[PDB]
Structures are given as C-alpha cells and as structure tokens.
4 protein chains.
Amino acid sequence: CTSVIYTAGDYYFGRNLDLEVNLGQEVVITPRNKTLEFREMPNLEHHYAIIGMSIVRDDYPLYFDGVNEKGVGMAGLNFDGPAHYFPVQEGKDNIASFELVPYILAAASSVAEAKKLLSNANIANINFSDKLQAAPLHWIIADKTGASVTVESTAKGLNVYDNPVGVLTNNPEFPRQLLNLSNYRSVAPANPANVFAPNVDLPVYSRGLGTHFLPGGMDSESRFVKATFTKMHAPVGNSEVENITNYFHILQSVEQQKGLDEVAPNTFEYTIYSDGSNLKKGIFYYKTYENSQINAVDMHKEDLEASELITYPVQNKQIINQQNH
Amino acid sequence: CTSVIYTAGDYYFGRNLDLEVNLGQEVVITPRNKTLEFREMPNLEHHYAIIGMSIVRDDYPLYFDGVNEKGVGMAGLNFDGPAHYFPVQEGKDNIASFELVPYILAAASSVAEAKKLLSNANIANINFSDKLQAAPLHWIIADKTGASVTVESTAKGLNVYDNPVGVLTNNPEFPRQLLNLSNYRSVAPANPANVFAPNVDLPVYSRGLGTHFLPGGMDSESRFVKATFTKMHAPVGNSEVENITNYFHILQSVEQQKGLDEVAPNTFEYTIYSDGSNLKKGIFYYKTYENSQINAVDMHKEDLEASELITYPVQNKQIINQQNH
Amino acid sequence: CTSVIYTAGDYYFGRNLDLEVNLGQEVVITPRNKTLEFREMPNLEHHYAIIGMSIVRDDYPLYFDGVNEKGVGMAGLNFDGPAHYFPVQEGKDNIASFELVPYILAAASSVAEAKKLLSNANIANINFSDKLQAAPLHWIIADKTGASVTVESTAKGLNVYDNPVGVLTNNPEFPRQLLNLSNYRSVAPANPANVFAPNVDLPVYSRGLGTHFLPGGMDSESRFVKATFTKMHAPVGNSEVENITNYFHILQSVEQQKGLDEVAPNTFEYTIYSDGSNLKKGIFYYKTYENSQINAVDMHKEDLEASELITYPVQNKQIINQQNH
Amino acid sequence: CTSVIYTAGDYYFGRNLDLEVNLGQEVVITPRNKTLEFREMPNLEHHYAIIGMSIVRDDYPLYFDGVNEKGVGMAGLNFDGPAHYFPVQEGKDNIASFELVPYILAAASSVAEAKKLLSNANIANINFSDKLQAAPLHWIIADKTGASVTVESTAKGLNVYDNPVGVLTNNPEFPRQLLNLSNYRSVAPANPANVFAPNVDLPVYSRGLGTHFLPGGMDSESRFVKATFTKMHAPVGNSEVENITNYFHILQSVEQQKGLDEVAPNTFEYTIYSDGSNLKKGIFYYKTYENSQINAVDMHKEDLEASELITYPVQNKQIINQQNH
C-alpha cells in the first residue's frame, strides 16, 4: 500500500491498496447522524460525515481509508511485524485498531485536533469479532492545510510523528523509513552535472538520467522513495479535472502490477484499487485494477443528515470507449 | 518511449510515446487501396491495411507506430545520437526514415518477411519536406507469432537484430541495451533466499524484496529493464478485455509522469499517449496522459477496400464516471 | 570507521579508524597493575592486561579500541547524532564515554560478563577535561567465542544489542543498520541464476556478477553492508600468518581512500589506520594509511605485571623492500 | 583485472591481476639487446628496455604487463567473449596476442608511436605453442604524458580507442564500458545537495553520502566505475613515496578479496598481485595477495645493455615487522 497527500489546488488524499485478494471493498458514506459505537469510549451519535473505501459488518463501516467533510483524510496500511496493540489501560482513551479510522474521521476537524485526540490514547488489542481478528496496521492522517502525521503503535507504545513528506507505505517504522530518503538526496528530475569525472566528456546519452538511481521495486522501501519523489515533483494543475488526473499518475508510479510481487505460489500482491479525494469538496475518486476509468462519488450529493450507511459498489469492469462503428 | 509485444492470448503490440509536447497525433487507418508513394522505390497501389497512431501531411500517413491486418506491428522510437542515415545508394532498396513504418506495415505479412524486405535496404537521409526534417529513430517490428526484431541504422550501417525480449526503448544501441539485462539476472518476483549471510537471520520485513534492485528511473536504460521485467512476468489473462487491461498495466509500469524527467526549464518529457493493438483482430486501443479511459478503434469496422485515409481524433478529455446523483 | 570480528582460527578483532586528521594515536599496553581511575566507580587497582590503539593524557589510556588478555575486544566508533549521554544517576553504574573501553577491557572476561557489567549502567555526560570534551560514540564488544554485542546510548537510554554479524560502522542506530542487510539477501559470491527472464539467454559476460549490487560507497550504510559481506565470505585460513593476511583484506574492502569522502573543502575522511588482534594470543597488528607493511606488538612479550603504561609509536613511514641492487 | 594510469608526479602505471590460480609470475627485465623474435614480423635485435610481470617460456618474456624505459606502459587483460583473433593476413603487420605487449614496449616511445605501429596491424590467431594456446585479451597502453588508448581485436576487426579515463577492466567492449560511466555523473566525493525533496529536511546522517551509489561489486563493470572514480579523485602526492602509496590505494579500491567472486565450487577469482611503475624512472613496484609489503625493482640498477632476461621472484611471504621484543 501507498498513501499520499497531493498538495495542489484543493489538495487530494488517498491510497493504493496492495493485496493478493479482493476484500469486498465498497464505497461507504457515513452520514453525520449514523451512530458510531466504540468498545471503550462513548458512542458518537453525531459527528462529521465520512466518505471512503470500506467493508461493512454488522452495519459498522470498517474503513480502509477515507476523508471527512472537514478536509481530514486518513488511511490504514499493513504494518506486519512492528505493529503492537496493548491491553485496555485504565485512564487511557482505548481505541481498537478497527475503530481508529472511523473515530478520527468522525471526531477530528484537522490534523492538529487529531493529535489532541490521540495525546492520551492506547491502541487496544480488541478484535472486531471472532471472524475478523485485529490486523497489524499503521496510519497516515492528513488535512487540507497540507499537514500530516504518521500514527504507529509498536512495542515502544503509541507514537504520532510529524510526516514532512505526506507519504506512507508499509514496513519499517516511520523514523527508519524517513531516514532512508536521505540516501536519495542526489536524485533529481534534471540531468545531473558531471561531478563524477569533471574533466572527462561523459555524454548525456538519454534523457531522464537525473532519476537513474530512483527505485522501481515492489517492496515497501522502494515504493516509499519513488512515491515521495513522484508527489514532490508533481505539477500544479490548472483545473480540478487536471488535478485528479495528476493525482492518479502519482499513485500509478508505485502501482504493483500482477506478476511482479509474488507472496506465495501463483499468488501476487497487486494494487486492487487506487482512490483519492478532493479534501475541500468531499469528492471521492477511485479506480480498480480491472477498470481504468475514474469513478467519482460526491459525498455532498447524498443526505449527510441521514442515520444509515450509504453504499456504492466499486465499478470493477473495464469500460472501454468504442470509438468507431 | 517504450514499445512491447505482450505474448498472451491473441498477442498485443504497441508503445508509450514519451515527449515534452503534443504532436497532433490522431488514429489513422490506411486502407488496402490507399496508394502509398515512396521516394526511391515503387509506389504501393495495393497493400495490407494499417491502423496506428500518426500525423498526416499531404495525405501521407506519417506513422509513429501501427499494426497491419496480417498481425505485424512496428514502432519508431527516438534514437538521437546513434541513428545515422545514408545517401541514396545505387543497387540498394533506399527507404526514408519517415517511410519505414508505412512501408513495412504495408508490405510485410510477418517479421520473417520484414527481414527479407530489409536484407538489401538502406535507410536514406531523405527529408519528408523542408518543414519536416528526418528525425533520428530506431524501430521494433513484432508479429502475432511472437517474433520480433530491432532495426537500427547507425554509422556501422543497417542492422536487423533478433529481439529476444520483445521490448525497445531509446538509446543506447540494441546489443548494449540487451547486454545490460544480464546485470539484473538475480531480480525476481519471489522473495530471495538469504545467500548474503546464510547463517544469520535477515528478516523478510517487506513483501516484494525480489524486485528491490529493479530500476524505476525515467531514463532509457532504466525503462528497458523495468519494462522487460514487467512484460516477462505479466499474467496470462482469461479474456480479451483482461488481456488489454494487463497490457496497459505493462506500459504503465514505465510511464513517465509529468515533473520527473526535466529536459529544459519547465519542460518535461512525459507519456503523451499509450497504445496497444490486438495483433490477430486488428483492434487498436489507446489512452492519453489526460484521459484514463481506454479507447478502441476496430480496423475491421471500417472499409478496408477504401482508397483514402480514415482518421479519428484522440480522446484527450478525462471521462469520469459520475457514479452518484 | 568499521570494526569486525573475523571468526577464523584464533579469531581476530579490530577496526578501521576513518577520520580527516591524525590524532596522535600510539600502541598502548595497559598492564594488570596499572591503576585505572574512574570518575563515578571504584578504581581498578588490578585487572586484565589490555593492548590497543590509544592516546594518552594524564597517564590515562584513552583507548580507541583494544583487546584484553582474556580474548575480549572492544572499539569505539563515531556516532554523531544518535549518541546521547545522561547526567550522573543515583543507583546506576555511571561510566563516562571515555572510560567505557578501558573499563570493559579491564573488567570483563567475556561478552557475557560485559553484558552483566552493563546491566545497570548509565553512560554519563562526563568530559575527560575542558580540553577533551566527550565525543559521540557507540561501541562493539566481541570475544574469542565469536559472540559480540553493540552498545548504544541514545535518547532512549542504554541499549546492548546482540550483534549477529560481528560488524559495526557509524550511523544509524544498530537495529536500523541491521535491518538494512535484509535488502541485500540476494547478493552472493556465485553467479546468479537467471530468474529475471528465465526463458531468455542473458549471457554471463563477466565473473563476479553475484556482487553486482554490492555497495562500494564511503558512507556508513554502504560500508556496513560491504564489510558484512566481505567478512561473512572470508576464507578459513591455514596458519596464523594467513589469517592475519585475510583479516586485513576484510578491512581493506571498506577502506576510505583519500579524495573520495570530502567532509569540508580540501578535507577528506580516510582510513588513518587499520588494526586487528589475535584474541587468543594477544598479538596486536596494525597498518597505517602511509605504510603498507603490517606491524605486530605481542602483548605477552611485555611485563604484564607492571604498573605503568607501555607505549610504541605507530610506524607510519612506507617501508619498501628494495629487491634489486 | 584492473589497470590504471595515475596522473600524479612522474605518473604511475600498472594493474591488478585477478585470477583463481597463480601463474608462475616473476619480475622480468628485458634489456635493450635481448633479441625478441616475432612469428610474422622482423626480429627486434635492439630495442627499448622493458620491466614488468611475466612468465618465461623458451627464454621469451610472456609479459602480463610492463613499462619501458621511454615511459610507455601496457597491460593485457582478460577479454573472454568479445576477443577475436584473425588468420594471418597478407599486407598487414601480423602480431600474435602473446607478442603484443613485448612488441609495443620494445618498439614504441609513446602512445602516439604505438598508434602508428598499430595502424596497419592484425592480431593473428597464432598460439605460442601447443601447451600455451592464445588467450582472449584486450590491452591498455599509456605513457608518461598521460595519454592512453584501449586496443581491442573483436569480430569487427582491430580497434584502437582513445581512453579518456586511463582505466581498463574486462568485458564488455570499450565503447560500452565507457558509456556506462555516464550513468554515474551524479556520484561525487562531497555531500550532495538535497535536490530530491528540496523543501524537506533530509538530514545528512553520515559522511560519504556523495558515493552512496558507487559500485562495490567484484564484476568487471562495477570495478571499472569504482576504479575510474578512485583514480580521478586520488590526491596529488608530495613525494615519490607518497605517490606510490597513493597508487596502491587506487588499485586496492577494486581488489577482489578471496571468497567474494566464486567462479566454480571452492574456486575464487582474487587479486593475485598488484603492480605499478614510475613511468619516468622505470621503477617497478608490486605487492602480492599474501604479502602487504611493497617491493621495488629499479630497472636502471640492472645492465640494460645485456642480452639475456633478468628475473626476480615475487616476494609472496607476508613480511611482518615485529615491533616489540
């Protein structure tokens, strides 16, 4: 998985979900008056409206990622190994891993408020059910000011790190992942000057040599570096349509194609979907691996004062424009 | 630019066109009875039908790439530096660089026949006009048997190389480009065994480490390696729609996003379009940078006995499916 | 800097010292009855004999690295950034950074005993003097059983990590440095099988392609990977002379040549000396950058019951064998 | 193998010889009046004096490399695959592969003269004997002006290329090897500015990050890049002793340690010797893998008017300075 905030125009947040099987994901709008229950905290009877990619069990929106009406975005990304959840702790705001995205998107109007909400929190080892055990995750939170943080619960406890690049992938822990970027300081979009052998003619035989050492692997560190470079050098678009076009090109740079990331015999981790939302306008856009046409769900076309989840199925059939006849 | 033959199903051939400006490209069908004039060879009054991406000047189809009705595909890719064209030579079949794609697609029913057509050929330094000077190019030819060759005219003369990987990008010359793949023999989709320090626990902290050293740069060598890996490990799809979906994912792996390959101030080489055709059925598919929906032009829905070029404009507006209302 | 334990024969421990200036280093033997004073712990009036590379101030052996008569080796390596020393703490064994190598080598007969000695320790922010301020360091301890640990005092406190590779360089912190080795699992001394494009002839045009992705940079991460590979694949020598020959070849693989690691204008970090000792026999061997002949100081040829430091100057003139006359 | 000219002081030329077995190499001086026989050219009864590393069969100096009294150096390096020798050709100066180094060093007073001597030459497929078949080689020639060329006989014929970097290793052919350096234009001794994410703090956590992408592998391309960087950034020494010290540090950067380059089970290509000569003074220096002390053979201490080969055995026992007693 790879999640980014693209800081152009209204600003755009979302993620690639990389996995070897589909999950039953659908587009879910949680309206302001849908009651959100929590295992160790008060229920939220009224809260911010949410739109995102989710599964639904027992009428609960188990979000993979989403954005709320106040311009806050959040995504949960696989974190298998470092992730550690703790027993319920007296005097701490105890949040199950499956509750964290619904809770923050319901309650926080900014990254700054999300930090306050997490300042006395504990990610508790609470399973949704016997069928759905807690999965190892970490999270990125971003908002329409451009701010973002990385939330990791590990053996050390709960850490909320400023995220200066607005990117997150999988392992390792965030300080290690961020430090690795320093190894790539010399990589650039423009052709490098010859500092290797300055008094020797070393012909520039190809365009693009500025990115000769840019990683293109399927692994988590490679994708973190390549996605950071791609988002940091993305254009400033003119329109909203240009900006969402540019956004998906960022995510596409670290898409995992089928066949390239083998996790078991005949089994490959690939980008099952890519989504991104306009943070100011609450428009959710997504593509699936099987359909290249972008789909848009505008949360404000719905009844955000409703009290039941509103859902749409992901359009996963390739829609080809038959241009001639 | 990157061109590939994807050897699944009916087999699929095409290219990314990477450039810093649009060219006026359109989809062009050359029917069997469109007369094709040649500067130093007999006119072809009747020939195979062609579909591809082209510009048109003086009613001549200046193809960037295309396929013909017999399942032969061909693409011209920038080759600035090594490319050399020669004066017209007595006793040689003299072909202008701008004529080579129209000529081979009109006259050859296989890569094998294309080899015979080139066995006494000379790529002549003939300009289309004073406005359109000859550009430095090399070419890949592929067919529905899976065969392919790389055609390069350099200071050494005209070389036609067997292409064992069915891929071509830009510089350097093909033997050098092919040899470079040997440096990547150890890169694989599956997780590598620990041969680095076999008696030490080196945890597999991420999926995808098989491709940790896979290049992700924008330059010609990086894209050649990454595209070869991606096509060599692409799935065998079930349907025609799955196969064209898989095909564009191959090309997408080496797409050049805006902002990453700077060629002059504020000027970036990016993938202006991607196309790919079913070699058996003569269906041409394409995307533009600005539109993620795939477009299809079926050559057999046209009058292939016509005598005038048939053209369609590239659909370059992002077509977003507005899912809710 | 790079420190290694070479697990062949009697076993051999030492380090490259990489710096941009000389330090006044000399070879120092601390005999059993040289009193070693400590700022916050009892003096050691009798202890194990030590030999190593050191400077001497106020008749105190400020060791960079050394080994003791019981087969324990220890080295202090620059750790600028992560290193943090704490105020003196009640109820903790408080050890100044400049005391740690003299103390462990004087008091510990094994890595296991060194772990016990550090189990309630605090690396205190105590300067040797106003002229010699505390420098940021971390340490490797190894012994003749092959065991080794990495000692780091950071903002987290004092950590003593099992060191499964018997190597240490500079930044970053040890868990991050060790995790990075997992990225190199596929690198090997033998030629790799073609898993990149298995059905394509990719000729093995050079020997040594197993190490094509082995780092050769001057930076701390590059040297950690290359030194680990080189020591892990070093031969098992026949004699003691062959083993010390093999040992220096390990250190030489990550030597920093003058001109390659620029730290300020005209200023280069280079390997000012390399040393290594037979852990069982207490023989200290060293080379300087300016002299390629190995020099040996056998600690047991000295009076190890003495009470004063015994010193030898480093032989830093190139001794060339004039073979003909 | 790796051969370099180090352009400091009097200038210094030589090579690492990398192989999996010893060859019986000795130091050989060919005096001016030693008759040199040639299979297809006139004998040289009088010629320039030569010193170098060689084997001797039938009183013929089969040089691996050497320098002559006029400041010309030459080395033969393995070139298995591209190397092609031709039948004896009428009207060409036909030179056996085993004769080329003795011939050029005997007859040429500069690289420019060596070019003239090769302008009508053919490297003929002539074996020294049935026991010593012709081995595949290419060659570097350098002189005390700093000039150098690369000599390759391949399927294309005989090519003599200007060598702008004064380095040669093994495969591939020289234009490909030289072009590969352009991929490393951004590698430098100084710390790189942050062009990757310019508005983000990417801490410089280690010195030496300028060379983070510098290759450290055992293969021919890796060693070519690393040796070129190391020689191009070597210091300008003060004395002759400093210069020969600096020279061996250049060769040491691409030494192949035992255990790292496996060519068959239990069989490793390693640097059996390293040599380098003062081009102006005709002093030959060498080390063996087993002996770190530099050895010097001054050709002018010999009778250069003699008519028989003068030989010295390589000092291959480690000479350790026993500093204490």
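Hydrogens, waters and symmetry mates play no part in the numbers below; they use all other heavy atoms, side chains included. Within every chain, numbering begins at 1; the chains are lettered A, B, ... in the order of the sequence lines, protein sequences first and strands thereafter.
- Among the candidates D/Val187, D/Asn191, D/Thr211, D/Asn321, the residue making the largest number of heavy-atom pairs closer than 4.5 Å to chain C is D/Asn321.
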Quiz item: Could you go step by step and tell me if D/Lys287 and C/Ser292 meet the side-chain contact (heavy atoms from CB on, under 4.5 Å) rule?
Solution: CA-CA 10 Å; D/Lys287 304 163 69 167; C/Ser292 164; 3.0 Å; yes
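- C/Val297 touches chain D through backbone and side chain together, each having a heavy atom under 4.5 Å away.
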Practice problem: Check the pair C/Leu260, D/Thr230 against side-chain contact (heavy atoms from CB on, under 4.5 Å), reporting the backbone distance first and the verdict last. | Solution: CA-CA 7 Å; C/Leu260 301 213; D/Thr230 301; 3.5 Å; yes
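- The side-chain hydrogen bond (donor to acceptor under 3.5 Å, both in side chains) search around C/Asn194 returns none, not counting sequence neighbours.
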Quiz item: Going through the distances and angles, do D/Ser222 and C/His212 end up as a side-chain contact (heavy atoms from CB on, under 4.5 Å)?
Solution: CA-CA 7 Å; D/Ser222 297; C/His212 192 250; 3.6 Å; yes
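- Counting only heavy atoms from C-beta outward, the side chains of C/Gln257 and D/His233 never approach each other to under 4.5 Å.
- Note: D/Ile319 leads D/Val27, D/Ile310, D/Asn291, D/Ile319 in heavy-atom pairs under 4.5 Å with chain C.
- In this structure, OH on D/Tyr205 lies 10.5 Å from CG on C/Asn170, to the nearest 0.5 angstrom.
- With sequence neighbours left out, the side-chain contact (heavy atoms from CB on, under 4.5 Å) criterion links D/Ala188 to A/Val195.
- Between D/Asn324 and C/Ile29, the closest side-chain pair of non-hydrogen atoms is not below 4.5 Å.
- Remark: D/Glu20 engages C/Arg207 in a salt bridge, criterion side-chain N to carboxylate O under 4.0 Å.
- Looking at D/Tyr286 and C/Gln323, their side chains do bring a donor and an acceptor atom within 3.5 Å of each other.
- In this structure, chain D has no heavy atom under 4.5 Å from any part of C/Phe213.
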Exercise. Apply side chain to side chain donor-acceptor pair (under 3.5 Å) to C/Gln318 and D/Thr245, showing your working.
Key: CA-CA 8 Å; C/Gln318 188 69 264; D/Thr245 295; 2.9 Å; yes
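- Per-residue heavy-atom pair counts under 4.5 Å with chain C were compared for D/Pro265, D/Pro203, D/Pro313, D/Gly210, and the maximum is reached by D/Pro313.
- Across all non-hydrogen atoms, the minimal contact from C/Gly259 to D/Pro189 is O-CB, 3.4 Å.
- In this structure, CG in C/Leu214 is found 6.0 Å from CE in D/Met218, a value given to the nearest 0.5 Å.
- Interface residue D/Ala190: backbone and side-chain heavy atoms are both found under 4.5 Å from chain C.
- The line from CD1 of D/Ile294 to CD1 of C/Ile320 is 5.0 Å long, rounded to the nearest 0.5 Å.
- Aromatic rings of C/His249 and D/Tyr289 (six-membered ring for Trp) have centroids within the 6.0 Å cut-off, being under it.
- In this structure, D/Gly208 and C/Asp261 approach most closely via the heavy-atom pair N-OD1, 3.0 Å.
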